[PDB]
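J.: Please find run.cif (mmCIF, C-alpha atoms) on the next line:
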data_query
loop_
_atom_site.group_PDB
_atom_site.id
_atom_site.type_symbol
_atom_site.label_atom_id
_atom_site.label_comp_id
_atom_site.auth_asym_id
_atom_site.auth_seq_id
_atom_site.Cartn_x
_atom_site.Cartn_y
_atom_site.Cartn_z
ATOM 1 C CA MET A 1 111.620 41.829 -26.973
ATOM 2 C CA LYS A 2 109.791 43.450 -29.877
ATOM 3 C CA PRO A 3 110.157 41.495 -33.148
ATOM 4 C CA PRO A 4 111.582 43.755 -35.874
ATOM 5 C CA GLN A 5 108.969 42.920 -38.547
ATOM 6 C CA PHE A 6 106.359 44.848 -36.490
ATOM 7 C CA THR A 7 105.798 48.456 -35.548
ATOM 8 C CA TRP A 8 105.317 49.413 -31.881
ATOM 9 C CA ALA A 9 101.577 49.809 -32.532
ATOM 10 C CA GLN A 10 101.278 46.414 -34.272
ATOM 11 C CA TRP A 11 103.111 44.772 -31.365
ATOM 12 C CA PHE A 12 100.698 46.504 -28.941
ATOM 13 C CA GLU A 13 97.858 44.935 -30.909
ATOM 14 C CA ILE A 14 99.441 41.471 -30.738
ATOM 15 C CA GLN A 15 100.005 41.652 -27.019
ATOM 16 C CA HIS A 16 96.989 43.615 -25.758
ATOM 17 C CA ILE A 17 94.046 43.594 -28.232
ATOM 18 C CA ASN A 18 93.944 40.469 -30.419
ATOM 19 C CA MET A 19 93.125 37.344 -28.231
ATOM 20 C CA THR A 20 93.285 34.418 -30.798
ATOM 21 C CA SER A 21 91.258 32.254 -28.315
ATOM 22 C CA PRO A 22 89.052 32.971 -25.260
ATOM 23 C CA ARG A 23 91.564 31.046 -23.012
ATOM 24 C CA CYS A 24 94.915 32.419 -21.912
ATOM 25 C CA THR A 25 97.005 29.246 -22.431
ATOM 26 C CA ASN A 26 95.948 29.118 -26.092
ATOM 27 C CA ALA A 27 96.020 32.895 -26.643
ATOM 28 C CA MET A 28 99.458 33.449 -25.138
ATOM 29 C CA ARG A 29 101.364 31.151 -27.537
ATOM 30 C CA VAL A 30 101.370 33.866 -30.221
ATOM 31 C CA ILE A 31 103.141 36.370 -27.976
ATOM 32 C CA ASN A 32 105.495 33.826 -26.381
ATOM 33 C CA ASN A 33 106.739 32.438 -29.676
ATOM 34 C CA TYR A 34 107.601 35.967 -30.859
ATOM 35 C CA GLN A 35 109.225 36.743 -27.481
ATOM 36 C CA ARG A 36 111.110 33.399 -27.335
ATOM 37 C CA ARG A 37 110.205 33.187 -23.657
ATOM 38 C CA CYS A 38 107.052 32.593 -21.633
ATOM 39 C CA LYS A 39 105.853 35.976 -20.354
ATOM 40 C CA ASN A 40 104.977 35.935 -16.656
ATOM 41 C CA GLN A 41 101.883 38.161 -16.985
ATOM 42 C CA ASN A 42 99.881 39.826 -19.802
ATOM 43 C CA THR A 43 96.616 41.803 -20.097
ATOM 44 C CA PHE A 44 94.341 41.588 -23.118
ATOM 45 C CA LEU A 45 91.871 44.450 -23.534
ATOM 46 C CA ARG A 46 88.595 43.275 -25.111
ATOM 47 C CA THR A 47 88.279 46.345 -27.386
ATOM 48 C CA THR A 48 89.209 47.209 -31.004
ATOM 49 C CA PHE A 49 92.419 48.919 -32.174
ATOM 50 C CA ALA A 50 90.324 51.834 -33.498
ATOM 51 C CA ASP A 51 88.725 52.295 -30.046
ATOM 52 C CA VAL A 52 92.174 52.491 -28.409
ATOM 53 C CA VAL A 53 93.216 55.039 -31.056
ATOM 54 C CA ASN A 54 90.230 57.228 -30.059
ATOM 55 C CA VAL A 55 91.493 56.963 -26.467
ATOM 56 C CA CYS A 56 94.867 58.171 -27.747
ATOM 57 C CA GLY A 57 93.120 61.451 -28.651
ATOM 58 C CA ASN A 58 91.857 62.067 -25.077
ATOM 59 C CA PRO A 59 93.811 64.772 -23.165
ATOM 60 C CA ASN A 60 97.397 63.928 -22.329
ATOM 61 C CA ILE A 61 98.279 62.884 -18.807
ATOM 62 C CA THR A 62 101.352 61.706 -16.894
ATOM 63 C CA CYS A 63 102.081 57.985 -17.186
ATOM 64 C CA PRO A 64 101.393 56.343 -13.793
ATOM 65 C CA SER A 65 104.227 53.835 -14.274
ATOM 66 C CA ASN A 66 106.783 56.582 -15.004
ATOM 67 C CA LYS A 67 106.111 60.114 -13.758
ATOM 68 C CA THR A 68 108.518 61.629 -16.346
ATOM 69 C CA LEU A 69 106.563 60.373 -19.393
ATOM 70 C CA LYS A 70 103.650 62.494 -20.558
ATOM 71 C CA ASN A 71 102.283 60.609 -23.608
ATOM 72 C CA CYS A 72 99.547 58.728 -21.682
ATOM 73 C CA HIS A 73 95.753 58.712 -22.039
ATOM 74 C CA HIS A 74 92.953 57.554 -19.789
ATOM 75 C CA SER A 75 90.192 55.452 -21.373
ATOM 76 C CA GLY A 76 87.343 57.413 -19.810
ATOM 77 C CA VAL A 77 85.130 54.323 -20.096
ATOM 78 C CA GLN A 78 85.582 50.793 -18.726
ATOM 79 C CA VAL A 79 86.249 47.846 -21.053
ATOM 80 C CA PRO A 80 86.265 44.100 -20.265
ATOM 81 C CA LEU A 81 89.750 42.620 -20.081
ATOM 82 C CA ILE A 82 91.399 39.284 -19.319
ATOM 83 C CA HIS A 83 94.606 39.094 -17.279
ATOM 84 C CA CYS A 84 96.804 36.008 -18.041
ATOM 85 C CA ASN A 85 99.019 34.667 -15.169
ATOM 86 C CA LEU A 86 101.792 32.122 -15.888
ATOM 87 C CA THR A 87 101.198 29.125 -13.579
ATOM 88 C CA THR A 88 103.622 26.522 -15.013
ATOM 89 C CA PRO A 89 106.789 27.459 -16.945
ATOM 90 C CA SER A 90 108.635 25.189 -19.381
ATOM 91 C CA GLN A 91 111.715 25.265 -21.614
ATOM 92 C CA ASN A 92 109.175 24.269 -24.282
ATOM 93 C CA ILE A 93 107.095 27.398 -24.991
ATOM 94 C CA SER A 94 104.077 25.218 -25.996
ATOM 95 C CA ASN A 95 103.928 23.640 -22.494
ATOM 96 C CA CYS A 96 103.579 26.969 -20.664
ATOM 97 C CA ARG A 97 100.328 26.962 -18.657
ATOM 98 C CA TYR A 98 98.307 30.088 -17.831
ATOM 99 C CA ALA A 99 95.426 30.889 -15.543
ATOM 100 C CA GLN A 100 93.140 33.858 -16.196
ATOM 101 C CA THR A 101 91.256 36.537 -14.269
ATOM 102 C CA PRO A 102 88.632 38.657 -16.087
ATOM 103 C CA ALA A 103 87.736 42.202 -15.115
ATOM 104 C CA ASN A 104 85.981 45.437 -16.169
ATOM 105 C CA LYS A 105 88.237 48.425 -15.596
ATOM 106 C CA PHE A 106 89.531 51.715 -16.890
ATOM 107 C CA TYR A 107 92.935 51.721 -18.552
ATOM 108 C CA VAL A 108 95.754 54.152 -19.257
ATOM 109 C CA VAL A 109 97.662 53.761 -22.511
ATOM 110 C CA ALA A 110 100.801 55.392 -23.907
ATOM 111 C CA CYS A 111 100.603 56.668 -27.476
ATOM 112 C CA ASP A 112 103.081 57.933 -30.107
ATOM 113 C CA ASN A 113 103.025 59.337 -33.723
ATOM 114 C CA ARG A 114 102.311 56.543 -36.298
ATOM 115 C CA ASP A 115 105.079 54.648 -38.191
ATOM 116 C CA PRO A 116 104.843 54.703 -42.067
ATOM 117 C CA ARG A 117 103.673 51.014 -41.964
ATOM 118 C CA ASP A 118 100.583 51.869 -39.834
ATOM 119 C CA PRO A 119 97.498 53.061 -41.850
ATOM 120 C CA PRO A 120 97.516 56.847 -42.541
ATOM 121 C CA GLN A 121 94.084 57.090 -40.971
ATOM 122 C CA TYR A 122 95.755 57.048 -37.516
ATOM 123 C CA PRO A 123 98.326 59.877 -36.940
ATOM 124 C CA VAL A 124 98.717 58.809 -33.273
ATOM 125 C CA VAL A 125 98.711 55.178 -32.126
ATOM 126 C CA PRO A 126 98.950 53.088 -28.934
ATOM 127 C CA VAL A 127 102.367 51.650 -28.088
ATOM 128 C CA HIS A 128 102.296 50.606 -24.382
ATOM 129 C CA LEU A 129 99.708 49.496 -21.854
ATOM 130 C CA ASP A 130 100.746 51.609 -18.909
ATOM 131 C CA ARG A 131 98.241 50.901 -16.122
ATOM 132 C CA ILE A 132 94.929 49.023 -15.466
ATOM 133 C CA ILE A 133 93.131 51.132 -12.809
#
Spit out the file's structure as structure tokens when you get a sec.
T.:
Amino acid sequence: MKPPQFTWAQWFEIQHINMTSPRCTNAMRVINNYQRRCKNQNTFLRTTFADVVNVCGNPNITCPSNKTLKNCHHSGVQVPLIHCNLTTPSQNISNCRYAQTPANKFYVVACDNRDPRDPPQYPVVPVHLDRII
């Protein structure tokens, strides 16, 4: 899944922060081309990477998706988000059609120590979107 030219944190940014267009069909092509498959579902948080890093400093909690992981952090505040839902698949990635559903919700993110390629300014960085509450 994860392309090797990217860190975990940079891949989190591709998939869940940086929407290259306000519409899901357009926005998703970036992710799908790297994945070499049309993802069935994907959430974009309308927030900045630095804001998610501040959330990574909130007190650690158990990851809702996996009760044995403990590197998760609740956002404390709500952010707008857009959820992309695959409505027509294709063997041609550029023909994959998406519908979208906006929302304003809390989120829970999983965070890890930074890779040398991330900027030194962030010792801990987001690596997985665990749960949209």
J.: Tell me which residues the PyMOL selection byres ((chain A and resi 82-95) around 7) grabs here, as number ranges by chain.
T.: A: 24, 29, 32-33, 37-38, 40-45, 81, 96-103
J.: Report as a ChimeraX atom specification all protein, DNA and RNA residues lying within 10 Å of segment 113-130 of chain A, evaluated on only C-alpha atoms, omitting residues in the same chain fewer than 6 positions from it.
T.: /A:6-13,15-16,42-45,49-50,52-57,63-66,71-74,107
J.: Axis-aligned box over every listed atom of segment 1-18 of chain A, padded by 4 Å per side: centre and edges in Å to one decimal, as JSON?
T.:
{"center_x": 102.8, "center_y": 45.1, "center_z": -32.2, "size_x": 25.7, "size_y": 17.3, "size_z": 20.8}
J.: Can you work out the spacing between atom CA of residue 2 of chain A and atom CA of residue 21 of chain A in Å, to one decimal?
T.: 21.7 Å
J.: Counting all atoms listed in the file, which residue out of A:132, A:69, A:79, A:17 sits closest to residue 112 of chain A?
T.: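 For residue 112 of chain A, the nearest of the candidates is A:69.
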J.: Is there a way to complete segment 1-24 of chain A with N, CA, C and O atoms and then write that out as a short mmCIF file (atom, residue, chain, number, x, y, z; two decimals), keeping the file's coordinate frame?
T.:
data_model
loop_
_atom_site.label_atom_id
_atom_site.label_comp_id
_atom_site.auth_asym_id
_atom_site.auth_seq_id
_atom_site.Cartn_x
_atom_site.Cartn_y
_atom_site.Cartn_z
N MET A 1 113.03 42.18 -27.16
CA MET A 1 111.62 41.83 -26.97
C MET A 1 110.81 42.01 -28.24
O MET A 1 110.31 41.02 -28.76
N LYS A 2 110.71 43.21 -28.76
CA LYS A 2 109.79 43.45 -29.88
C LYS A 2 110.37 42.87 -31.17
O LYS A 2 111.44 43.30 -31.60
N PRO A 3 109.67 41.97 -31.85
CA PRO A 3 110.16 41.50 -33.15
C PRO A 3 110.29 42.64 -34.14
O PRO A 3 109.42 43.53 -34.21
N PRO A 4 111.34 42.63 -34.95
CA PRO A 4 111.58 43.76 -35.87
C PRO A 4 110.65 43.81 -37.09
O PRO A 4 110.57 44.89 -37.71
N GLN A 5 109.89 42.77 -37.43
CA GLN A 5 108.97 42.92 -38.55
C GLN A 5 107.71 43.72 -38.19
O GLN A 5 106.84 43.89 -39.05
N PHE A 6 107.57 44.17 -36.95
CA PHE A 6 106.36 44.85 -36.49
C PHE A 6 106.67 46.25 -36.02
O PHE A 6 107.73 46.51 -35.42
N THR A 7 105.70 47.15 -36.20
CA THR A 7 105.80 48.46 -35.55
C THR A 7 105.47 48.33 -34.05
O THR A 7 105.07 47.28 -33.55
N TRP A 8 105.69 49.42 -33.30
CA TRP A 8 105.32 49.41 -31.88
C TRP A 8 103.81 49.23 -31.72
O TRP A 8 103.34 48.47 -30.86
N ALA A 9 103.04 49.89 -32.58
CA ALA A 9 101.58 49.81 -32.53
C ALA A 9 101.06 48.41 -32.91
O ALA A 9 100.10 47.90 -32.30
N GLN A 10 101.68 47.77 -33.90
CA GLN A 10 101.28 46.41 -34.27
C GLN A 10 101.63 45.42 -33.17
O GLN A 10 100.87 44.51 -32.88
N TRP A 11 102.78 45.59 -32.53
CA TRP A 11 103.11 44.77 -31.36
C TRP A 11 102.16 45.02 -30.19
O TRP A 11 101.80 44.06 -29.47
N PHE A 12 101.73 46.27 -29.95
CA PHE A 12 100.70 46.50 -28.94
C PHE A 12 99.43 45.71 -29.26
O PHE A 12 98.77 45.18 -28.36
N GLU A 13 99.06 45.64 -30.53
CA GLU A 13 97.86 44.94 -30.91
C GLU A 13 98.03 43.44 -30.66
O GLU A 13 97.12 42.81 -30.17
N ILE A 14 99.19 42.90 -30.98
CA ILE A 14 99.44 41.47 -30.74
C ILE A 14 99.32 41.15 -29.26
O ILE A 14 98.68 40.17 -28.86
N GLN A 15 99.94 41.97 -28.43
CA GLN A 15 100.00 41.65 -27.02
C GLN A 15 98.76 42.06 -26.24
O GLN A 15 98.45 41.43 -25.23
N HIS A 16 98.03 43.12 -26.65
CA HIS A 16 96.99 43.62 -25.76
C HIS A 16 95.61 43.86 -26.37
O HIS A 16 94.72 44.41 -25.66
N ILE A 17 95.37 43.47 -27.62
CA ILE A 17 94.05 43.59 -28.23
C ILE A 17 93.52 42.29 -28.82
O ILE A 17 92.44 41.76 -28.42
N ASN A 18 94.34 41.68 -29.66
CA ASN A 18 93.94 40.47 -30.42
C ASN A 18 94.16 39.17 -29.60
O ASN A 18 95.26 38.58 -29.65
N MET A 19 93.09 38.66 -28.90
CA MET A 19 93.12 37.34 -28.23
C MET A 19 92.69 36.30 -29.29
O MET A 19 91.55 36.34 -29.72
N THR A 20 93.57 35.36 -29.70
CA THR A 20 93.28 34.42 -30.80
C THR A 20 92.35 33.31 -30.28
O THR A 20 91.83 32.56 -31.09
N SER A 21 92.14 33.22 -28.97
CA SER A 21 91.26 32.25 -28.32
C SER A 21 90.72 32.89 -27.04
O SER A 21 91.40 33.72 -26.43
N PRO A 22 89.54 32.48 -26.57
CA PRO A 22 89.05 32.97 -25.26
C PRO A 22 89.84 32.48 -24.02
O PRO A 22 89.61 33.03 -22.91
N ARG A 23 90.76 31.52 -24.14
CA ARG A 23 91.56 31.05 -23.01
C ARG A 23 93.02 31.50 -23.12
O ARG A 23 93.64 31.42 -24.19
N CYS A 24 93.56 31.87 -21.97
CA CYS A 24 94.92 32.42 -21.91
C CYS A 24 96.01 31.44 -22.38
O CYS A 24 96.96 31.87 -23.05
#
